[PDB]
Amino acid sequence: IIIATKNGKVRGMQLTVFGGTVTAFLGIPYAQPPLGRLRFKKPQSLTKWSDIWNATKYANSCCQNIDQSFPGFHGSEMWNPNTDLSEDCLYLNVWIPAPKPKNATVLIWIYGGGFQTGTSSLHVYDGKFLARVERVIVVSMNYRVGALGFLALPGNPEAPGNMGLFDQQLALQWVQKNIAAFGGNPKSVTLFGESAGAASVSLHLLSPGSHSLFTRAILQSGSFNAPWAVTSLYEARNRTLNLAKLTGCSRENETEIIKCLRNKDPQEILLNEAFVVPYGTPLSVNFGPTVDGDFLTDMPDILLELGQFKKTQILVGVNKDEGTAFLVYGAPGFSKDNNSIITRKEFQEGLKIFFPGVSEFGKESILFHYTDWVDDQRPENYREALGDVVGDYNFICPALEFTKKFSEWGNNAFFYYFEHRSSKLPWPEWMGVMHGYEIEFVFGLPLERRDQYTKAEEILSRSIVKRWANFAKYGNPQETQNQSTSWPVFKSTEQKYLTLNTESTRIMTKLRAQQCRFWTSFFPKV
Ligand SMILES: *[C@@H]1O[C@H](CO[C@@H]2O[C@@H](C)[C@@H](O)[C@@H](O)[C@@H]2O)[C@@H](O[C@@H]2O[C@H](CO)[C@@H](O)[C@H](O)[C@H]2NC(C)=O)[C@H](O)[C@H]1NC(C)=O
Ligand SMILES: *[C@@H]1O[C@H](CO[C@@H]2O[C@@H](C)[C@@H](O)[C@@H](O)[C@@H]2O)[C@@H](O[C@@H]2O[C@H](CO)[C@@H](O)[C@H](O)[C@H]2NC(C)=O)[C@H](O)[C@H]1NC(C)=O
Ligand SMILES: N[C@H](Cc1c[nH]c2ccccc12)C(=O)NCCCCCCNc1c2c(nc3cc(Cl)ccc13)CCCC2
Ligand SMILES: *[C@@H]1O[C@H](CO[C@@H]2O[C@@H](C)[C@@H](O)[C@@H](O)[C@@H]2O)[C@@H](O)[C@H](O)[C@H]1NC(C)=O
Ligand SMILES: *[C@@H]1O[C@H](CO)[C@@H](O)[C@H](O)[C@H]1NC(C)=O
Ligand SMILES: *[C@@H]1O[C@H](CO)[C@@H](O)[C@H](O)[C@H]1NC(C)=O
Ligand SMILES: *[C@@H]1O[C@H](CO)[C@@H](O)[C@H](O)[C@H]1NC(C)=O
Ligand code: NA
């Protein structure tokens, strides 16, 4: 019940799951709290302690803007932080099987949230089921988001960029030095994440500093080549100087702007983050990964294209309706509280909201590719198109492109397509299989049958959990026992992928091929 780590001892707690036991260590610090002189800088290593650290409750989340478009609605508040916000937030969690395993595969979760929001303590990232059912070890960590995590004056060590990525990387290193003490195998570590988490995992594949801190990788609705995923160095410093003036910190000694930003209080920084961009989008990443020459040594689109990444197996996939979630956060004529049948002009206006700096011709090109219907008179035509438009451009095509290019260098790749709409969901049915709603299935929440989940959902979850674990332990995401359809490796030619649902598990070919040729070849040029 007490574990001895390189920096000191840590007390955990015991949990009861499915007639068994899991040992949870919630809130182990992995770095010096980034307060004061340290705000905006890379994490600094933690100096040892002599007491017994009590890791029995989730630690503080990093400071972030909550979104308030739906106060009181669980469909949206399930994603908001469920723990005190604070700059002092560099902590991680460990769930290990009981009894203590000997050489367990380790899964390391990295949450998404547009790089502005998110926390490891969310209910739908509870690692206790994966520990219990598959006897792997699960680790999640908090990393700095928003400007306190990704503010960038390039080359300048007071605000270098990618600090949140270096937070992640320092947790990964903590697992390397320490997880053996917990009964884990540091030579068997799978990163997995979703949305910006998945884009984070993809960047860890590119970053030499993490090459040796994990084995394999799983990308859920997210990759670095997605349009939101990397902010330019043009944009980044335009953004940190607009933050400077909004807070009365514009100077000319670039480092003393930073000194000036260090005396502001967190919430002052948070209020102004939203306006350093002129035209914003529900998907807008105001402060993101940057080519800092340290974590990321070159533009990732080039590293991907020329084979400059960790060679290993990747598991990649996306959801059928990645786009809908964002339509109710800005798009006109859209509401979670009606079927949001919009018109041709509302569609048009919804493109100017999601594609704001884009030419009139650009927005006409999108409308032309997405509005030649199998039936001109279905009222929901434009509603479905704009959903598809946002999902294809922001998630599905980048993920497919990443998998093709990665697989072109000889490693096994597996692609999936999650298409199950859960029965419980608090959002209306027109929104479909939404961004982030496979996460609970990966984490085994439908296993605790309880109130929410049909037995069909319990089974799908049980299978996904097995495929994920087999991928982590063995590099091959098969379920070998219950006469399951085999999951083929994705190769650049036939582009086979697997669909996940409660009814038919089917092998299909070339997801969204016609849509994605538009996004990945034609549209980048406008
Ligand atoms: C780079 O930044 C400038 C300045 O941004 C403005 O000032 C900030 C403090 C904040 O209040 C922002 O909302 C402002 O936009 C941008 O120039 C502005 O461009 C917009 C229109 O696109 C408009 O607000 C003003 O006409 C401009 N303001 C000034 C002071 O010139 C500029 O567009 C940004 N982007 C690039 C690529 O340079
Ligand atoms: C779906 O709902 C939106 C707005 O929902 C509600 O309606 C408002 C009157 C107000 O009470 C809001 O706070 C609610 O959330 C409808 O969009 C509105 O349409 C009319 C057109 O004149 C008008 O009230 C506004 O311009 C629109 N509001 C927007 C775009 O935000 C939409 O018409 C509804 N559609 C269907 C099919 O029910
Ligand atoms: N735009 C900025 C930055 C940002 C860019 N892209 C993002 C993606 C997610 C979160 C934030 C961002 C912002 O913070 N809010 C505006 C958009 C509203 C998003 C609310 C966040 N909650 C949800 C999340 C996810 N699934 C959701 C499903 C639905 Cl139905 C509703 C909310 C969701 C999956 C990953 C975790 C977060
Ligand atoms: C650390 O925890 C020690 C033991 O706490 C035990 O577990 C918690 C969850 C409670 O149920 C408590 O009653 C138990 O005794 C404490 O004795 C010790 O003081 C704690 N140390 C610090 C620094 O908080
Ligand atoms: C765990 O497995 C690795 C190889 O995956 C091996 O080198 C190591 O010695 C093992 N440690 C144990 C069994 O404690
Ligand atoms: C002011 O700028 C110079 C470079 O022009 C820099 O070396 C110096 O450190 C800055 N001032 C302080 C107090 O850091
Ligand atoms: C396989 O099927 C049995 C029932 O025959 C079920 O109890 C078990 O959980 C299934 N295993 C997986 C990994 O799906
Ligand atoms: Na728990």
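The combined condition, being surrounded by 19 or more Cβ atoms within 10 Å (Cβ to Cβ), of a type in the set (D, E, K, R) and away from ligand 4 (no atom under 16 Å from the Cβ), is fulfilled by residue 440.
For the condition within 16 Å of ligand 3 (Cβ to nearest atom) and either assigned to a loop (DSSP other than H, G, I, E, B) or not polar (S, T, N, Q) (or both), what is the one hit in 303, 296, 271? Even if it seems obvious, please write down each step before you answer.
On the way: 303 fails: within 16 Å of ligand 3 (Cβ to nearest atom); 296 fails: within 16 Å of ligand 3 (Cβ to nearest atom).
Exactly one of 303, 296, 271 is within 16 Å of ligand 3 (Cβ to nearest atom) and either assigned to a loop (DSSP other than H, G, I, E, B) or not polar (S, T, N, Q) (or both), namely 271.
The set of residues from the stretch 214-261 being within 16 Å of ligand 3 (Cβ to nearest atom) and surrounded by fewer than 19 Cβ atoms within 10 Å (Cβ to Cβ) comprises 227, 235.
When residues of the stretch 362-420 are filtered for being among the small types (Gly, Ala, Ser), part of a helix (DSSP H, G or I) and touching a residue at least 40 places away in the same chain (Cβ under 8 Å), how many remain? Even if it seems obvious, please write down each step before you answer.
Our first condition is that a residue be among the small types (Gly, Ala, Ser); within the stretch 362-420, this holds for 362, 365, 385, 387, 391, 399, 407, 410, 413.
Then drop every residue that is not part of a helix (DSSP H, G or I), which leaves 362, 365, 385, 387, 391, 399, 407.
Still in the running and touching a residue at least 40 places away in the same chain (Cβ under 8 Å): 362, 365, 387, 391, 399, 407.
Of the residues in that region, 6 qualify.
For beta carbons closer than 9 Å, sequence separation of 6+ or different chains, a first residue in the stretch 89-110 that is of a type in the set (D, E, K, R) and a second that is in a strand (DSSP E or B) and crowded, with 24+ Cβ neighbours inside 10 Å, there are no qualifying pairs.
Quick check on residue 518: is it more than 16 Å from ligand 7 (Cβ to nearest atom), farther than 19 Å from residue 419 by Cα and either assigned to a strand (DSSP E or B) or touching a residue at least 24 places away in the same chain (Cβ under 8 Å) (or both)? Taking the combined requirement at face value, the residue satisfies it.
Got at least one residue in the stretch 458-468 being aromatic (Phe, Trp, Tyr) and loosely packed, with under 14 Cβ neighbours inside 10 Å?
If we filter the stretch 458-468 for residues that are aromatic (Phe, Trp, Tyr), which is where we start, we get 468.
With loosely packed, with under 14 Cβ neighbours inside 10 Å added as a condition, the list becomes none.
Scanning the stretch 458-468, I find no residue that is aromatic (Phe, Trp, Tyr) and loosely packed, with under 14 Cβ neighbours inside 10 Å, so the answer is no.
Confirm whether residue 212 is within 24 Å of the chain's Cα centre (by Cα), within 16 Å of ligand 5 (Cβ to nearest atom) and of a type in the set (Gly, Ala, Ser).
Yes; evaluated as a whole, the condition is true for this residue.
Residue check: residue 113 meets all listed conditions (1) small (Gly, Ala, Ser); (2) farther than 30 Å from residue 237 by Cβ; (3) in a loop (DSSP other than H, G, I, E, B) but one, namely (2). Taking the stretch 353-403, which residues are buried (at least 17 other Cβ atoms within 10 Å of the Cβ) and basic (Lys, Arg)? Hits for the stretch 353-403 are 363, 383. If you go through the stretch 148-203 and pick out every residue that is within 16 Å of ligand 5 (Cβ to nearest atom), small (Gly, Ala, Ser) and surrounded by fewer than 24 Cβ atoms within 10 Å (Cβ to Cβ), you end up with 4.
Within the stretch 186-201, the set of residues being over 19 Å from residue 119 (Cα atoms) and within 15 Å of the chain's Cα centre (by Cα) comprises 190 only. For the stretch 40-88, a residue qualifies if it is polar (S, T, N, Q), without any contact (Cβ under 8 Å) to a residue 60 or more places away in the chain and within 16 Å of ligand 8 (Cβ to nearest atom), and the qualifying residues are 54, 56, 82, 83. Looking only at the stretch 320-359, residues that are acidic (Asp, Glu) and either within 28 Å of the chain's Cα centre (by Cα) or within 16 Å of ligand 1 (Cβ to nearest atom) (or both) come to 3 in all.
Among the residues making up the stretch 1-33, those that are more than 18 Å from residue 104 (Cβ to Cβ) and in contact with a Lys or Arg (Cβ under 7 Å, 6 or more places away or on another chain) are 2, 6, 7, 8, 26, 27.
Scanning the stretch 262-298 for residues that are within 16 Å of ligand 6 (Cβ to nearest atom) and exposed (fewer than 13 other Cβ atoms within 10 Å of the Cβ) yields a total of 1.
FYI the Cβ positions are ideal-geometry reconstructions off the backbone, even for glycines, and counts take in every protein chain you see. We did not get these values from a lab; they are worked out from the coordinates using the rules stated.
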